[PDB]
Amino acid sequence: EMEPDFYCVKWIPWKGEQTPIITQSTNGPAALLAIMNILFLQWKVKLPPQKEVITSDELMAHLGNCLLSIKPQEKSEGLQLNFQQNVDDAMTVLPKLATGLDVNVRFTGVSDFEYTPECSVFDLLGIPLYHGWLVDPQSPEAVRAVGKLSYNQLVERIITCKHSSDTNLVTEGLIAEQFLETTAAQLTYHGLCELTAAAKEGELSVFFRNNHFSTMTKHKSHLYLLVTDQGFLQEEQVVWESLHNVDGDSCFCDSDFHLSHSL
């Protein structure tokens, strides 16, 4: 609970069954929890009924087992060297799930990230990884200044532009800079719209927004994020948080996506 290695387990009535989800007390394990909550919700990993507390070690061990059990799609005895490599490098980044997982978003599409071992953890498990940090087409300057650049590339580009003699580059630097300031919470309306259309009905996925990872789903054409903060541990009726705006003004719902209340 208070200890970093420990986490409070919340039991919820999910599709006819008492099902566990893991709550978060401190910043750092969001990625681990986002993945494990999917596995728990899918009933792929199962916990003793009325288990209350769970450790990083445990979560890691369950996750390790799941990853190493994945089979290649080609299912061919020959080759498959590329698959084993993926598995190895995913197992190497695994500890980072508990302490803070790095991602490098592309502002072009909801699924666009620089492909890294971090991303491969999600791929192997067949879990989509999404963001909504998309440059709006309506703004031509941002689309050209940002272009196909990743977050990592864009910040260096800004530094260069800041130092450049070429007044066109200076100008581009300032537009890119402006884009990062106004979209600092890492979700744009365009991105939210694009994500709502792209996500699949009933599918569980991981959503990276504002230096956080959430378990996301789509139900009746509407995006929802699993409520994990331990502040809501005792609130059985607060399971899913609606995702229909960028300013955080959400509606809470129960396990079955019905609006809840505490009054």
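All residue numbers are counted from 1 along the displayed sequence.
Asks: Return whichever of 84-92 and 163-171 has the greater mean Cα B factor according to the PDB record.
Replies: That would be 163-171.
Asks: For the stretches 215-223 and 66-74, which has the higher mean C-alpha B-factor as given in the deposited record?
Replies: Result of the comparison: 66-74.
Asks: Based on what the PDB entry reports, which of 42, 228, 210, 234 has the top C-alpha B-factor?
Replies: Comparing C-alpha B-factors across 42, 228, 210, 234, the top value belongs to 234.
Asks: In terms of CA temperature factor as recorded, identify the highest of 153, 116, 111, 178.
Replies: In this record, 178 carries the highest C-alpha B-factor of the candidates.
Asks: Taking only the Cα B-factors deposited for this chain, tell me whether residue 26 sits in the lowest, middle or highest third.
Replies: As the PDB entry reports it, the C-alpha B-factor of residue 26 lands in the highest third of its chain.
Asks: State the tercile, meaning the lowest, middle or highest third, of residue 248 with respect to the CA B-factors recorded for its chain.
Replies: It belongs to the middle third of the chain when residues are ordered by C-alpha B-factor.
Asks: Based on the deposited C-alpha B factors for this chain, I'd like to know if residue 131 is in the lowest, middle or highest third.
Replies: It falls in the bottom third of the chain.
Asks: If you rank the chain by CA B-factor, which third does residue 192 end up in: lowest, middle or highest?
Replies: It falls in the bottom third of the chain.
Asks: Could you look up the Cα B-factor of residue 149 in the entry and say which third of the chain it sits in: lowest, middle or highest?
Replies: Middle third, going by the recorded CA B-factors of the chain.
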